[PDB]
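Take a look at the structure below.
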Amino acid sequence: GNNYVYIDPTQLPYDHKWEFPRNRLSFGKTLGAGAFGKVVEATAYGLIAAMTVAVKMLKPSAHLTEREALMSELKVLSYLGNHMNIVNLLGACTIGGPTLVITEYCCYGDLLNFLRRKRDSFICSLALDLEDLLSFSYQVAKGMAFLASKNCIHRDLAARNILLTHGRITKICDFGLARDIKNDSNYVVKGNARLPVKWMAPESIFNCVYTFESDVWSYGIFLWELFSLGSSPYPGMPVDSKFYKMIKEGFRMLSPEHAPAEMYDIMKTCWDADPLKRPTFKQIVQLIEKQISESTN
Ligand SMILES: Cc1ccc(C(=O)Nc2ccc(CN3CCN(C)CC3)c(C(F)(F)F)c2)cc1C#Cc1cnc2cccnn12
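If you count by the deposited numbering, then the sequence shown holds residues 565 to 612, 616 to 692, 762 to 933, one letter each, in order.
This is the structure:
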């Protein structure tokens, strides 16, 4: 069934129940920006009282193409619904001004910078420790399991696309238009596209197919970011003809030092060249559940 269909976001309904009075939004600092869009912190009144929210709005430079993208984004978040381990949609202002999408604000920011900020404090096996890492590994697989169950393929899963909020709960997100991928070197020109190659499955790279199983490969690379406390993958190794050659041959990363053995076995299986031998996210959630209990006490 689900291997043969996909949701076309332009074919989803937009319910106007999301529409929010744009004069009840007060904008604050920018959290991230791309050419045509940005994500800004904001205050919203009477949305659920004053509350802090995040807003992804189009810049003045933006074209119909980017507006369409943002409207499709709105439709997908509405379609996905609101869940613990995915960024939650709160509202939108799509007329009478810049088109924008309103979500919850995640108070600890994106996971990659957080891990980097916390690397030096790390308590080997408040500060970070192994159960934090396991908890994040679990919550991301769990969120992805839900995405897969809705037949939603992420395509840019990596630590930079995860946010962290209260109680060290992770929220999968996608900055999309509001990231400056031209000046982010994790995105590499490949044809007529800058792509997150070091995170991508071979079949995606060479064949431009993105599947449930290619997201699992990126999750593997994410695991390596996580247990490497925010290190860039394939250190010292530029994307080029040689890098492509080497992934195709079976070259893979060695375990991060802080990864339990079972976590690295998960990474390795995520990285199988045969998409069909990779675990599903449902399976990963199970294995990590067990690890977390074993690692407790
Ligand atoms: C305002 C805002 C609007 C939208 C989104 C957003 O994540 N959009 C999104 C679009 C698509 C998809 C799924 N597709 C992926 C592509 N794929 C090809 C198809 C399926 C998903 C996903 F979560 F489901 F993954 C999310 C995030 C923010 C934020 C924020 C925020 C909150 N706190 C902080 C603190 C610091 C910085 N930012 N920030």
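Just so you know, even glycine gets a beta-carbon here, dropped at the ideal spot from N, CA and C.
Next on the checklist: Would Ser-868 and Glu-861 qualify as a contact pair, given that the criterion is a beta-carbon distance under 9 Å?
Outcome noted: The residue given as residue 868 occupies position 232 in the sequence shown. The residue given as residue 861 occupies position 225 in the sequence shown. Taking 9 Å as the Cβ cut-off, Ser-868 and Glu-861 qualify as a contacting pair.
Checklist entry - Does DSSP put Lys-904 in a helix, a strand or coil? => result Within the sequence shown, numbered from 1, the residue matching residue 904 stands at position 268. DSSP places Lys-904 in helix when its eight states are reduced to three.
Next on the checklist: Just to confirm before moving on: does the CB-CB distance between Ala-659 and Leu-641 stay below 9 Å?
Outcome noted: As a first step, residue 659 must be located in the sequence shown, where it is residue number 92. As a first step, residue 641 must be located in the sequence shown, where it is residue number 74. Contact: yes.
Item to check | Rounded C-alpha distance that separates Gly-565 from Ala-617 | outcome: Counting from 1 along the sequence shown, the entry for residue 565 is found at position 1. Counting from 1 along the sequence shown, the entry for residue 617 is found at position 50. Distance from the CA of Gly-565 to the CA of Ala-617, rounded to the nearest whole angstrom, comes to 45 Å.
Item to check | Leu-656 versus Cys-844: straight-line alpha-carbon distance, rounded | outcome: In the sequence shown, residue 656 corresponds to position 89, counting from 1. In the sequence shown, residue 844 corresponds to position 208, counting from 1. When only Cα atoms are considered, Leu-656 and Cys-844 end up about 29 Å apart.
Checklist entry - Under three-state DSSP, which class holds residue 615? => result Inspection of the chain shows residue 612 followed directly by residue 616; residue 615 is thus not represented.
Item to check | Cβ neighbour criterion (16 or more within 10 Å) applied to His-802 | outcome: By 1-based counting over the sequence shown, the position of residue 802 is 166. Per the 10 Å Cβ criterion, exposed.
Checklist entry - With distances taken between CB atoms, is the gap from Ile-928 to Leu-770 smaller than 9 Å? => result For the purposes of this step, residue 928 is identified with residue 292 of the sequence shown, where counting begins at 1. For the purposes of this step, residue 770 is identified with residue 134 of the sequence shown, where counting begins at 1. Yes, Cβ-Cβ distance for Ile-928 and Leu-770 is below 9 Å.
Checklist entry - Do you know how far the Cα of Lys-826 is from the Cα of residue 614? => result Coordinates for residue 614 are simply not present: the residues of the chain run from 612 and resume at 616.
Checklist entry - Helix, strand or coil for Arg-815 per DSSP? => result By 1-based counting over the sequence shown, the position of residue 815 is 179. Looking at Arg-815 - three-state DSSP - the assignment turns out to be coil, as it is neither helix nor strand.
Next on the checklist: By alpha-carbon positions, which one of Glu-605, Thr-607, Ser-645, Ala-606 ends up nearest to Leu-576?
Outcome noted: In the sequence shown, residue 576 corresponds to position 12, counting from 1. In this structure, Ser-645 is the residue among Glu-605, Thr-607, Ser-645, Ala-606 with its C-alpha nearest to the C-alpha of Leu-576.
Checklist entry - In chain order, which continuous runs of the beta strand (DSSP E) of length 3 or greater are located wholly inside the region 904 to 928? => result Whole beta strand (DSSP E) segments, 3+ residues: zero.
Checklist entry - With respect to 8 Å, is the separation between the Cβ of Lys-778 and the closest non-hydrogen atom of ligand 1 below this value? => result The residue labelled residue 778 in the question sits at position 142 within the sequence shown. Within the chosen limit of 8 Å, ligand 1 does not reach the beta carbon of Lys-778 with any heavy atom.
Item to check | Host alpha helix (DSSP H) of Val-569 (start-end) | outcome: As a first step, residue 569 is located in the sequence shown; it is residue number 5 there, counting from the start. That residue, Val-569, is in no alpha helix (DSSP H); it is neither H nor E in DSSP.
Checklist entry - Taking 8 Å as the cut-off, does the CB of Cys-906 come closer than this to any heavy atom belonging to ligand 1? => result Translated into positions along the sequence shown, residue 906 becomes position 270. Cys-906: no, Cβ never under 8 Å from ligand 1.
Checklist entry - In three-state terms, what does DSSP make of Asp-792? => result Residue mapping note: residue 792 aligns to position 156 of the sequence shown, counting from 1. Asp-792 falls in the coil class under three-state DSSP.
Checklist entry - By how many angstroms is the C-alpha of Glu-635 removed from the C-alpha of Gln-919? => result Reading the sequence shown from its first residue, position 283 is the one you call residue 919. Reading the sequence shown from its first residue, position 68 is the one you call residue 635. If I take the Cα positions, the gap works out to 35 Å.
Checklist entry - Hey, would you say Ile-653 sits closer than 9 Å to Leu-783, going by beta carbons? => result Sequence index remark: in the sequence shown, residue 653 carries index 86 (1-based). Sequence index remark: in the sequence shown, residue 783 carries index 147 (1-based). For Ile-653 and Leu-783, yes; Cβs fall inside 9 Å.
Item to check | Cβ neighbours of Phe-863 in the same chain (closer than 7 Å, five flanking residues each side left out) | outcome: Within the sequence shown, residue 863 is the residue found at index 227, counting from 1. Answer for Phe-863: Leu-769, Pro-892, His-894, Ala-895, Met-899, listed in chain order.
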